[PDB]
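Since the structure comes first, as structure tokens, the remarks are kept for the end.
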Amino acid sequence: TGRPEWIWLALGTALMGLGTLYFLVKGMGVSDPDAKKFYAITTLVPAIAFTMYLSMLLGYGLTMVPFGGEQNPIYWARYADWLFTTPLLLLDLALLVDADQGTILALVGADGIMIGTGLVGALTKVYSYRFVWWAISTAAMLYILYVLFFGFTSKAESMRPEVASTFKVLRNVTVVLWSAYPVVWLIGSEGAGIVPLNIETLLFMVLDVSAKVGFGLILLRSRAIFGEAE
Ligand SMILES: CCCCCCCC/C=C/CCCCCCCC(=O)OC[C@H](O)CO
Ligand SMILES: CCCCCCCC/C=C\CCCCCCCC(=O)OC[C@H](O)CO
Ligand SMILES: CCCCCCCC/C=C\CCCCCCCC(=O)OC[C@H](O)CO
Ligand SMILES: CCCCCCCC/C=C\CCCCCCCC(=O)OC[C@H](O)CO
Ligand SMILES: *C\C=C(C)/C=C/C=C(C)/C=C/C1=C(C)CCCC1(C)C
């Protein structure tokens, strides 16, 4: 392929595909209703990402957006992926702590605003307005991070020890990895253009695989996903 970033899109496609297959074989035979919920949510995440990394590799999920004079290559398929996978990841954390319906709706709604305004900012043609949408999307993300710390952590500390310890590890992983996304976007091709697209694609690939495959490896190997039975 003539695009220098193709090597990272192909590695991303392969790793998401291998991750999906591993979780699929692993979830076979699980009869506990609670564990089936976590396996279903956690296997769909890499399956969706696989299809959208493939679409970028083949060129379907790419568009040209004029801003700053030149034509800029914008991979819109990322936002179709994140629209469906980031809510599912939040659902994994909320069900682990047995969150209430009201708090779950708050997280999913703010997540939808995060991704939706990020997409609008990505396709905006007036350069200075791109950063207005970036700001609003980052405000929605800070609300999500606030709820995970000053809401879920308080309840996790009144549950089973395995639930509290597993949640604390996954909460920490989420806060660090998610926080990197607005930074890469800001200095990358969608924003200031300080980092070239080939390096930007490499960074997102490392973050995406860690946040979906690595996240799932820690969750599905813990005993917190199974109900307390004899
Ligand atoms: C799990 C085990 C795997 C661990 C893997 C962790 C690696 C993460 C990669 C990071 C960024 C790489 C940045 C490389 C930047 C190269 C850009 C460059 O030097 O270009 C020069 C330019 O032409 C003139 O300034
Ligand atoms: C090279 C391989 C490429 C990557 C693979 C192609 C992915 C796209 C195809 C299919 C969906 C397959 C099923 C995905 C849904 C899994 C949900 C699940 O397994 O849930 C378990 C639960 O316990 C049950 O009751
Ligand atoms: C818990 C529920 C799980 C639900 C899981 C649902 C997964 C469907 C996701 C993705 C493939 C992306 C489809 C993107 C559609 C693009 C359509 C299109 O045509 O692009 C616009 C324009 O027309 C182009 O030229
Ligand atoms: C908790 C998560 C926080 C997420 C939100 C954190 C936002 C702060 C980021 C960036 C401003 C960086 C500088 C912007 C000005 C760009 C002009 C410029 O000087 O280029 C960059 C320079 O070469 C090299 O720093
Ligand atoms: C599939 C993996 C994860 C962790 C995806 C995370 C995506 C975000 C946290 C997106 C953040 C954005 C914000 C807050 C502002 C700029 C636009 C983005 C959509 C990249």
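Following the order of the structure tokens, chains are lettered A, B, ..., residues in each are numbered from 1, and ligands are numbered from 1.
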* Residues at most 12 Å from residue 100 (chain A), counting only C-alpha atoms, excluding those fewer than 5 positions away in the same chain, as a PyMOL selection string? -> chain A and resi 91+94-95+105-107+151-152+155
Selection to disk with C-alpha atoms, as a compact mmCIF listing (two decimals), in the first residue's frame:
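Output file part-v6.txt follows:
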```txt
# COMPACT_ATOMS: atom_id res chain seq x y z
CA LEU A 91 -20.48 -1.28 31.02
CA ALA A 94 -20.31 -0.59 35.96
CA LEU A 95 -21.63 -4.16 36.17
CA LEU A 105 -27.23 6.11 31.99
CA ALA A 106 -25.11 9.12 32.99
CA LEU A 107 -21.87 7.44 31.91
CA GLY A 151 -18.64 7.20 42.85
CA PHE A 152 -17.64 3.68 41.82
CA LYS A 155 -19.09 1.37 46.39
```
* Please provide the set of residues having any atom within 6 Å of region 163-179 of chain A, restricted to only C-alpha atoms, with same-chain residues fewer than 4 positions apart removed, written as a PyMOL selection string. => chain A and resi 156-157+224
* To do: Write out as number ranges by chain each polymer residue whose atoms come within 10 Å of residue 189 (chain A), counting only C-alpha atoms; drop sequence neighbours fewer than 5 positions from it.
  => A: 72-74, 122, 184, 194-198, 200-201
Would you output that residue set with C-alpha atoms, as a PDB file, in the first residue's frame?
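That gives us selection12.pdb:
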```pdb
ATOM      1  CA  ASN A  72      -6.062  16.394   5.112  1.00  0.00           C
ATOM      2  CA  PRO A  73      -6.527  12.596   5.356  1.00  0.00           C
ATOM      3  CA  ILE A  74      -9.037  11.919   8.144  1.00  0.00           C
ATOM      4  CA  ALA A 122     -12.687  15.901  13.115  1.00  0.00           C
ATOM      5  CA  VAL A 184      -2.551  12.505  20.520  1.00  0.00           C
ATOM      6  CA  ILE A 194       3.013  18.462  14.919  1.00  0.00           C
ATOM      7  CA  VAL A 195       3.213  14.650  14.663  1.00  0.00           C
ATOM      8  CA  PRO A 196       2.942  13.035  11.200  1.00  0.00           C
ATOM      9  CA  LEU A 197       0.117  10.652  10.381  1.00  0.00           C
ATOM     10  CA  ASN A 198       2.303   7.533  10.270  1.00  0.00           C
ATOM     11  CA  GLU A 200       0.047   9.088  15.003  1.00  0.00           C
ATOM     12  CA  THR A 201      -1.369   5.823  13.639  1.00  0.00           C
TER      13      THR A 201
END
```
Distance table requested - chain A against ligand 2, cut-off 10 Å, only C-alpha atoms and all ligand atoms: one row per qualifying residue with the closest atom pair and its distance in Å to one decimal, ordered by chain and rising residue number, as CSV.
```
residue,atom,partner,partner_atom_place_in_ligand_line,distance
A:13,CA,ligand 2,3 (C),8.2
A:14,CA,ligand 2,1 (C),7.4
A:15,CA,ligand 2,4 (C),9.1
A:16,CA,ligand 2,4 (C),6.9
A:17,CA,ligand 2,4 (C),3.8
A:18,CA,ligand 2,2 (C),6.5
A:19,CA,ligand 2,4 (C),7.8
A:20,CA,ligand 2,4 (C),5.6
A:21,CA,ligand 2,5 (C),5.9
A:22,CA,ligand 2,5 (C),9.6
A:23,CA,ligand 2,19 (O),7.5
A:24,CA,ligand 2,19 (O),5.2
A:25,CA,ligand 2,19 (O),8.2
A:26,CA,ligand 2,19 (O),8.8
A:27,CA,ligand 2,21 (C),5.6
A:28,CA,ligand 2,23 (O),7.0
A:29,CA,ligand 2,23 (O),8.0
A:30,CA,ligand 2,23 (O),6.2
A:31,CA,ligand 2,23 (O),7.4
A:32,CA,ligand 2,23 (O),8.6
A:33,CA,ligand 2,23 (O),8.0
A:34,CA,ligand 2,23 (O),9.0
A:35,CA,ligand 2,23 (O),7.0
A:36,CA,ligand 2,23 (O),3.6
A:37,CA,ligand 2,23 (O),6.4
A:38,CA,ligand 2,23 (O),7.6
A:39,CA,ligand 2,21 (C),5.0
A:40,CA,ligand 2,20 (O),3.3
A:41,CA,ligand 2,17 (C),7.0
A:42,CA,ligand 2,17 (C),7.8
A:43,CA,ligand 2,16 (C),5.1
A:44,CA,ligand 2,15 (C),5.3
A:45,CA,ligand 2,14 (C),9.0
A:46,CA,ligand 2,4 (C),8.0
A:47,CA,ligand 2,7 (C),4.7
A:48,CA,ligand 2,7 (C),7.3
A:49,CA,ligand 2,7 (C),9.1
A:50,CA,ligand 2,4 (C),6.2
A:51,CA,ligand 2,8 (C),7.0
A:54,CA,ligand 2,3 (C),9.6
```
Store the residues picked out above in a file with C-alpha atoms, as a tab-separated table (two decimals), in the first residue's frame.
```
chain	number	residue	atom	x	y	z
A	13	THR	CA	-6.18	-5.64	12.34
A	14	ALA	CA	-4.26	-8.83	13.11
A	15	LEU	CA	-4.03	-8.27	16.86
A	16	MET	CA	-7.73	-7.40	17.18
A	17	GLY	CA	-8.54	-10.54	15.20
A	18	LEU	CA	-6.39	-12.81	17.35
A	19	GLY	CA	-7.83	-11.24	20.49
A	20	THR	CA	-11.40	-11.88	19.36
A	21	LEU	CA	-10.64	-15.53	18.59
A	22	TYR	CA	-8.94	-16.09	21.96
A	23	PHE	CA	-11.84	-14.66	23.98
A	24	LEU	CA	-14.28	-16.67	21.85
A	25	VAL	CA	-12.63	-20.04	22.49
A	26	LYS	CA	-12.13	-19.16	26.16
A	27	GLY	CA	-15.80	-18.31	26.72
A	28	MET	CA	-16.90	-21.75	25.48
A	29	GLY	CA	-18.58	-23.87	28.14
A	30	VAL	CA	-19.14	-21.04	30.62
A	31	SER	CA	-22.60	-21.65	32.09
A	32	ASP	CA	-22.65	-19.22	35.03
A	33	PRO	CA	-25.07	-16.44	33.99
A	34	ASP	CA	-22.89	-13.70	35.48
A	35	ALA	CA	-19.72	-14.75	33.65
A	36	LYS	CA	-21.63	-15.00	30.36
A	37	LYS	CA	-22.47	-11.30	30.61
A	38	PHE	CA	-18.80	-10.32	30.94
A	39	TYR	CA	-17.65	-12.66	28.16
A	40	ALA	CA	-20.34	-11.33	25.81
A	41	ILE	CA	-19.43	-7.68	26.43
A	42	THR	CA	-15.67	-8.28	26.35
A	43	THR	CA	-15.59	-10.34	23.15
A	44	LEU	CA	-17.72	-7.89	21.15
A	45	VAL	CA	-15.23	-5.06	21.81
A	46	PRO	CA	-12.32	-6.53	19.79
A	47	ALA	CA	-14.71	-7.94	17.17
A	48	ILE	CA	-16.05	-4.46	16.36
A	49	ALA	CA	-12.55	-2.97	16.38
A	50	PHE	CA	-11.37	-5.70	13.99
A	51	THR	CA	-13.92	-4.73	11.35
A	54	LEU	CA	-9.84	-3.64	8.33
```
* To do: Please identify the residues whose atoms come within 8 Å of ligand 5, using only C-alpha atoms and all ligand atoms, and report them as a ChimeraX atom specification.
  => /A:49,79,81-82,85-86,114-119,121-122,133-141,174,177-186,207-209,211-212
Only N, CA, C and O atoms, please: the residues just picked out, written as a compact mmCIF listing (two decimals), in the first residue's frame.
```txt
# COMPACT_ATOMS: atom_id res chain seq x y z
N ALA A 49 -13.78 -3.66 16.75
CA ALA A 49 -12.55 -2.97 16.38
C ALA A 49 -11.87 -3.65 15.20
O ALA A 49 -11.26 -2.98 14.35
N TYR A 79 -14.13 6.79 14.81
CA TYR A 79 -15.26 7.24 15.62
C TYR A 79 -16.43 6.28 15.53
O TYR A 79 -17.20 6.16 16.49
N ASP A 81 -15.93 3.07 15.40
CA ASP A 81 -15.48 2.06 16.35
C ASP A 81 -15.76 2.51 17.79
O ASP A 81 -16.45 1.82 18.55
N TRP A 82 -15.23 3.67 18.16
CA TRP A 82 -15.30 4.11 19.56
C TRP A 82 -16.73 4.37 20.00
O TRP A 82 -17.04 4.26 21.20
N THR A 85 -17.60 0.73 21.10
CA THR A 85 -16.74 0.00 22.01
C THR A 85 -16.51 0.73 23.34
O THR A 85 -16.37 0.06 24.37
N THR A 86 -16.48 2.06 23.35
CA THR A 86 -16.19 2.72 24.62
C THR A 86 -17.36 2.57 25.59
O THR A 86 -17.14 2.38 26.79
N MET A 114 -19.03 12.65 24.19
CA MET A 114 -17.59 12.63 23.94
C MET A 114 -17.26 12.27 22.50
O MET A 114 -16.53 12.99 21.81
N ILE A 115 -17.76 11.12 22.04
CA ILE A 115 -17.38 10.63 20.72
C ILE A 115 -18.05 11.46 19.64
O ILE A 115 -17.45 11.76 18.60
N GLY A 116 -19.31 11.84 19.85
CA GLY A 116 -20.04 12.58 18.83
C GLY A 116 -19.42 13.93 18.53
O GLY A 116 -19.29 14.32 17.37
N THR A 117 -19.03 14.67 19.57
CA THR A 117 -18.41 15.97 19.35
C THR A 117 -16.97 15.82 18.85
O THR A 117 -16.48 16.69 18.13
N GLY A 118 -16.30 14.73 19.21
CA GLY A 118 -15.00 14.45 18.61
C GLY A 118 -15.10 14.23 17.11
O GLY A 118 -14.25 14.68 16.35
N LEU A 119 -16.15 13.54 16.67
CA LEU A 119 -16.37 13.34 15.24
C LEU A 119 -16.66 14.66 14.55
O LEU A 119 -16.09 14.95 13.48
N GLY A 121 -15.74 17.64 15.46
CA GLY A 121 -14.48 18.37 15.38
C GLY A 121 -13.55 17.82 14.32
O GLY A 121 -12.79 18.58 13.71
N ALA A 122 -13.59 16.51 14.09
CA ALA A 122 -12.69 15.90 13.11
C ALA A 122 -13.04 16.30 11.69
O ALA A 122 -12.15 16.37 10.83
N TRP A 133 -14.65 22.10 19.54
CA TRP A 133 -15.24 20.77 19.72
C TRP A 133 -14.32 19.88 20.55
O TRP A 133 -14.80 19.08 21.36
N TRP A 134 -13.01 20.00 20.35
CA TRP A 134 -12.06 19.27 21.19
C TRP A 134 -12.28 19.60 22.67
O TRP A 134 -12.26 18.70 23.52
N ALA A 135 -12.50 20.88 22.99
CA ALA A 135 -12.68 21.28 24.38
C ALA A 135 -13.93 20.66 24.98
O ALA A 135 -13.91 20.14 26.10
N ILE A 136 -15.05 20.72 24.25
CA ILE A 136 -16.30 20.16 24.77
C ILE A 136 -16.17 18.66 24.97
O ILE A 136 -16.68 18.11 25.96
N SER A 137 -15.51 17.97 24.04
CA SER A 137 -15.35 16.53 24.17
C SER A 137 -14.48 16.17 25.37
O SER A 137 -14.75 15.17 26.05
N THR A 138 -13.45 16.97 25.64
CA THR A 138 -12.60 16.72 26.80
C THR A 138 -13.35 16.99 28.11
O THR A 138 -13.08 16.33 29.12
N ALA A 139 -14.26 17.95 28.11
CA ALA A 139 -15.06 18.20 29.31
C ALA A 139 -15.94 17.00 29.63
O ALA A 139 -16.10 16.64 30.80
N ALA A 140 -16.53 16.38 28.61
CA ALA A 140 -17.34 15.19 28.83
C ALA A 140 -16.50 14.03 29.35
O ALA A 140 -16.98 13.22 30.15
N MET A 141 -15.24 13.93 28.90
CA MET A 141 -14.37 12.86 29.37
C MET A 141 -13.99 13.06 30.83
O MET A 141 -13.89 12.09 31.59
N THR A 174 -7.83 2.21 32.90
CA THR A 174 -8.71 3.02 32.06
C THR A 174 -8.33 4.50 32.13
O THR A 174 -8.20 5.17 31.09
N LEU A 177 -4.96 5.24 30.16
CA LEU A 177 -4.97 5.04 28.71
C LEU A 177 -5.94 6.00 28.02
O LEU A 177 -5.60 6.58 26.98
N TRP A 178 -7.14 6.18 28.58
CA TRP A 178 -8.11 7.07 27.95
C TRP A 178 -7.59 8.51 27.91
O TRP A 178 -7.80 9.23 26.93
N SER A 179 -6.91 8.94 28.98
CA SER A 179 -6.43 10.32 29.05
C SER A 179 -5.46 10.65 27.93
O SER A 179 -5.32 11.82 27.55
N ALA A 180 -4.78 9.64 27.39
CA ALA A 180 -3.81 9.89 26.32
C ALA A 180 -4.50 10.27 25.01
O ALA A 180 -3.91 10.99 24.20
N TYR A 181 -5.73 9.80 24.79
CA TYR A 181 -6.36 10.00 23.49
C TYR A 181 -6.50 11.47 23.11
O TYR A 181 -6.10 11.84 21.99
N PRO A 182 -7.05 12.35 23.95
CA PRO A 182 -7.15 13.76 23.55
C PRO A 182 -5.80 14.41 23.27
O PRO A 182 -5.74 15.37 22.49
N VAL A 183 -4.72 13.91 23.87
CA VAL A 183 -3.41 14.51 23.65
C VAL A 183 -2.89 14.18 22.26
O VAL A 183 -2.41 15.05 21.53
N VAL A 184 -2.98 12.90 21.86
CA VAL A 184 -2.55 12.50 20.52
C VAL A 184 -3.37 13.23 19.46
O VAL A 184 -2.84 13.69 18.45
N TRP A 185 -4.68 13.35 19.69
CA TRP A 185 -5.55 14.06 18.76
C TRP A 185 -5.12 15.51 18.60
O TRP A 185 -5.11 16.04 17.48
N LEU A 186 -4.75 16.16 19.70
CA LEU A 186 -4.45 17.59 19.67
C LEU A 186 -3.17 17.89 18.90
O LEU A 186 -3.12 18.84 18.11
N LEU A 207 -2.39 2.19 21.90
CA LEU A 207 -3.42 2.51 22.88
C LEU A 207 -4.64 1.62 22.70
O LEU A 207 -5.19 1.08 23.67
N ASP A 208 -5.09 1.45 21.45
CA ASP A 208 -6.31 0.69 21.19
C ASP A 208 -6.17 -0.76 21.63
O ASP A 208 -7.07 -1.33 22.26
N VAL A 209 -5.05 -1.39 21.28
CA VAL A 209 -4.86 -2.80 21.62
C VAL A 209 -4.75 -2.96 23.13
O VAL A 209 -5.35 -3.88 23.71
N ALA A 211 -6.05 -1.05 25.43
CA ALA A 211 -7.30 -0.70 26.10
C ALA A 211 -8.42 -1.70 25.84
O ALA A 211 -9.42 -1.69 26.55
N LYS A 212 -8.26 -2.55 24.83
CA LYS A 212 -9.33 -3.53 24.48
C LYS A 212 -8.84 -4.96 24.74
O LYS A 212 -9.44 -5.62 25.62
```
* To do: Could you tell me, counting only C-alpha atoms and all ligand atoms, which protein and nucleic acid residues lie no more than 8 Å from ligand 1, written as a PyMOL selection string?
  => chain A and resi 199+202-203+206
